[PDB]
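Single-structure report; data block below.
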Amino acid sequence: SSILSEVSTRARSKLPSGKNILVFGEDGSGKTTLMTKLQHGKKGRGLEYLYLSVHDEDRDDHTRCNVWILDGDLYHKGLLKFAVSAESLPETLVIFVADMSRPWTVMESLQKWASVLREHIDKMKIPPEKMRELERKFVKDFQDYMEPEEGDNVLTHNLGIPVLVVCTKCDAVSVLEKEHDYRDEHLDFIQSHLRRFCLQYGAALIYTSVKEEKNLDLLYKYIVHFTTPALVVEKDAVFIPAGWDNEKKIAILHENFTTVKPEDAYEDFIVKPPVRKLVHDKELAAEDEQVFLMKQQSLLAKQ
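In structure tokens form, the structure reads like this:
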């Protein structure tokens, strides 16, 4: 009656299921423009869903890669519940997006978003305890595969699942050195911290710009199931796939006159345009007076 229905359900297996993406939209930074360059109503609510259904390596078999874009911080945790389930967990390509117009934001705000998801790990994954004892070992599998066939040990992190740190607004390099960069220290230090962040986080570092770098879908399609050779060469736009690291190449990079590993220069680039000034500010507390007070004060002034 239904035995052959069982066999019929077992006929084919070329069925890539419901894929998910959790990008972290960060105050403009071309995020609406990021999906626009990829493929827009308005961006004021956050959790602005998008669905990707792109080429399934030979045709498009509706690679149903559901996107999610949050922006701000006002309790959007429940929205993450509406974006992260218990079965969503494998196909969870989280993408951290930040600009270059404000690189200092990126430096800390990445950890802001990160800590939000660290909470969400211990807030939503606390009931599924099977992927604790399973996915941590699967991450021990997974991050051993982070490094080979690309082209030992590092002080990596606790976060391990398919993760990725991207950057945006990079075609503003000359605009920023035109304003205040004009120093290889500023260019090397940020990349050392970024590539450093990604290698610790068990992720990779990717850049993009206005009308540039279609290297995005390569790693996602490549991972969410087409490979590509890396670049740290141009240094005006960088692509770091996972496993193209060490803790020495970058050490030589932040050595070439770059104030060797400064743990205060966060204020250097977190001081040029964020501690620029305030043009439109009206904190004056201008004027206000009394009646009776002035009257009797003039009485004392009457002598």
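Residues 37 to 75, 79 to 190, 216 to 289, 296 to 373 in the authors' numbering are what the sequence shown spells out, letter by letter.
For every residue, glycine included, the Cβ atom is placed at its ideal position computed from N, Cα and C.
Practice task
Please confirm whether residue 76 and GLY66 have their CB atoms less than 8 Å apart.
Solution key: Gap in the chain between 75 and 79; residue 76 lies inside it and carries no coordinates.
Problem - Which residues DSSP lists as bridging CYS262, in chain order - result: Within the sequence shown, residue 262 is the residue found at index 198, counting from 1. Looking at the DSSP assignment, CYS262 forms no beta bridge with any residue, so it has no partner.
Practice task
State the beta-bridge partners of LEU86 as determined by DSSP.
Solution key: Numbered from its first residue, the sequence shown carries residue 86 at position 47. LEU86 pairs with nothing; no bridge assigned.
Practice task
Take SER140 and list the residues in its own chain whose beta-carbon comes closer than 7 Å to its own, dropping the five residues that flank it on each side.
Solution key: The sequence position of residue 140 within the sequence shown is 101, counting from 1. So the qualifying residues of the chain are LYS233, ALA236.
Problem - Buried or exposed (CB count within 10 angstroms, at least 16 for buried), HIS324 - result: Numbered from 1 along the sequence shown, position 254 holds the residue referred to as residue 324. Buried, because 16 or more other Cβ atoms sit within 10 Å of the Cβ of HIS324.
Handout entry: Ranges of the alpha helix (DSSP H) found wholly within the stretch 297 to 339, counting only runs of at least 4
Key = 319 to 323
Exercise for the section: Would you mind stating whether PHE296 and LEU280 have Cβ atoms separated by less than 8 Å? Expected result: Here residue 296 is taken as the residue at index 226 of the sequence shown, counted from 1. Here residue 280 is taken as the residue at index 216 of the sequence shown, counted from 1. In this structure, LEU280 does not lie closer than 8 Å to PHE296 by Cβ.
Problem - Segment contact, 8 Å Cβ cut-off, at least three pairs: the stretch 122 to 131 with the stretch 39 to 57 - result: yes
Handout entry: Buried or exposed by the 16-neighbour rule on C-beta atoms within 10 Å, applied to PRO226
Key = Position 162 of the sequence shown, counting from 1, holds the residue named residue 226. Looking at its Cβ environment, which holds 16 or more other Cβ atoms inside 10 Å, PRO226 is buried.
Practice task
Tell me whether the beta-carbon of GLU174 lies closer than 8 Å to the beta-carbon of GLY313.
Solution key: Position 135 of the sequence shown, counted from the first residue, corresponds to residue 174. Position 243 of the sequence shown, counted from the first residue, corresponds to residue 313. No; because the gap between Cβ atoms is not below 8 Å, this pair is not in contact.
Problem - Best match in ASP112, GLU188, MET170 for proximity to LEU156 [C-alpha to C-alpha] - result: As a working mapping, residue 156 is identified with position 117 in the sequence shown. Nearest option by C-alpha distance: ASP112.
Exercise for the section: Ignoring anything shorter than 4 residues or poking outside the stretch 152 to 190, list the alpha helix (DSSP H) runs there in chain order. Expected result: 169 to 181
Practice task
Would you kindly work out how many angstroms separate the C-alpha atoms of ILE165 and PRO129, rounded to a whole number?
Solution key: Translated into the one-based positions of the sequence shown, residue 165 becomes position 126. Translated into the one-based positions of the sequence shown, residue 129 becomes position 90. If you take the alpha carbons of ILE165 and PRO129, they lie about 16 Å apart.
Problem - Cβ-Cβ distance between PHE181 and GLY224 below 8 Å - result: Indexing the sequence shown from 1 puts residue 181 at position 142. Indexing the sequence shown from 1 puts residue 224 at position 160. In this structure, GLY224 lies closer than 8 Å to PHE181 by Cβ.
Problem - Proximal residues to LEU89 (C-beta, below 6 Å), its chain only, five neighbours per side dropped - result: Mapped onto the sequence shown, residue 89 falls at position 50. The residues are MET71, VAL106.
Exercise for the section: Could you check which residue in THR328, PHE339, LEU86 has the C-alpha nearest to that of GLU249? Expected result: Here residue 249 is taken as the residue at index 185 of the sequence shown, counted from 1. The shortest C-alpha separation from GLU249 is found at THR328.
Exercise for the section: Report the rounded CA-to-CA distance for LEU301 versus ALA356, giving the unit in angstroms. Expected result: The residue labelled residue 301 in the question sits at position 231 within the sequence shown. The residue labelled residue 356 in the question sits at position 286 within the sequence shown. About 56 Å.
Practice task
Evaluate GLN75 with the Cβ neighbour count: other Cβ atoms within 10 Å of its Cβ, from every protein chain shown; 16 or more gives buried, anything less gives exposed.
Solution key: Locating residue 75 in the sequence shown gives position 39, where the first residue counts as 1. By the neighbour-count rule (16 or more Cβ atoms within 10 Å), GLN75 is not buried but exposed.
Exercise for the section: Can you have a look at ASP110 and say buried or exposed, based on whether 16 or more other CB atoms are within 10 angstroms of its CB? Expected result: Mapped onto the sequence shown, residue 110 falls at position 71. Classification of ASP110: buried, given that the 10 Å Cβ count is 16 or more.
Exercise for the section: Leaving aside the five residues before and after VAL136 along the sequence, list all residues of the same chain whose C-beta is less than 7 Å from its C-beta, in chain order. Expected result: Numbered from its first residue, the sequence shown carries residue 136 at position 97. Answer for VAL136: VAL59, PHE60, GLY61, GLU62, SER65, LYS67, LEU70, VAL230, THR232, listed in chain order.
Problem - Member of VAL43, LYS318, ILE108 whose CA lies at the smallest distance from the CA of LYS82 - result: Here residue 82 corresponds to residue number 43 of the sequence shown, with the count starting at 1. For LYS82, the nearest C-alpha among the options comes from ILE108.
Problem - Pair within 8 Å by beta-carbon distance, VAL308 and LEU269 - result: By 1-based counting over the sequence shown, the position of residue 308 is 238. By 1-based counting over the sequence shown, the position of residue 269 is 205. The answer is yes: Cβ separation under 8 Å.
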